[PDB]
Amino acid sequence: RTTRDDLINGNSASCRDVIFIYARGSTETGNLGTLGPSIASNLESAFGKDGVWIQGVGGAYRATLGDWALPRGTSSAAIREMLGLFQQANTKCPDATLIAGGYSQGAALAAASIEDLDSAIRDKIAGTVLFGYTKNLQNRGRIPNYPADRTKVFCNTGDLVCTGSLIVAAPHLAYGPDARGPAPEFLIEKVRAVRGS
C-alpha cells in the first residue's frame, strides 16, 4: 500500500496516539514510495492499527527529481505541503506524539520542514529517520534546530548523495533492510521513551 492518508482521513474524536509523517524519494509512487510501507507495517505491529496514523506527504509534493538541486534540496511548494501536515496533526490531535522520516529528496524535505516548523510542534516529533540524506555533508548529519539524539541517519557507504554529490549510485537504492529493521526499531524506541509502555 503505497498511499496512506490516515491523518487527513482520521476522526479527531478518535485520534491515534502516534502520527507518522513520511516523505518519499524522487520519482516514487503514491505518497510512501518504496520504503514507507515497510516502516508503516512495523509501526502498526508495535502500536496496533488504531494506535498509529501513517501519513505520506502528497499534494504539491510531486517528488520531481530535478527539484533536489534547488537551494533547500526540494521545492518551496513541497516544504509548505509538509509544514501543513505537521500543522494539521497538531490541531487535529494535540496529544499525539509525532515521528517523521524521509528518503532522498524526501529526507531534504523532512529536514527543511522541521527546520522551519514552529518550535512547539517541532518539539513534539520524538524521532526522525532519514535515508540517503542529500544534505548529510552540508548539515553535518543533523537537522537544523532539532536534537541529534532524536535523529537517525542511514547513509550507505558509496551513496554519493551523503558525501555531497547529486548522483544516484547503487547504494542509494539499498535502504530496504534499514526500513525493515533499524529504522522502525529507532522510531518505536523514541516513542516509548517519552510515552512509556
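Start at 1 with the first residue shown and count on from there.
#### Entry: Of 137-145 and 150-158, the stretch whose C-alpha atoms average the higher B-factor in the entry
Result of the comparison: 137-145.
### Query
Which of the two stretches, 76-84 or 101-109, shows the higher mean Cα temperature factor in the record?
Per the deposited B-factors, the answer is 76-84.
### Query
Whose C-alpha has the highest temperature factor in the PDB entry: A183, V18, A13, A174?
Among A183, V18, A13, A174, the PDB entry lists the largest C-alpha B-factor for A13.
### Message
For the CA B factor values reported in this entry, which option in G51, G132, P37, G58 has the top one?
### Response
The listed residue with the largest C-alpha B-factor is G51.
### Message
Looking at the temperature factor on the CA atom of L117, which third of the chain's modelled residues does it land in?
### Response
Highest third.
### Chain thirds of CA B-factor: placement of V194
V194: CA B-factor falls in the highest third of its chain.
### Query
Lowest, middle or highest third: where is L32 by C-alpha B factor in its chain?
Tercile = lowest for this residue's CA B-factor.
### Query
Is the Cα B-factor recorded for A89 in the lowest, middle or highest third of its chain?
Middle third.
### Message
Could you place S41 in the lowest, middle or highest third of its chain by Cα temperature factor, using the values in the record?
### Response
Highest third of the chain for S41's C-alpha B-factor.
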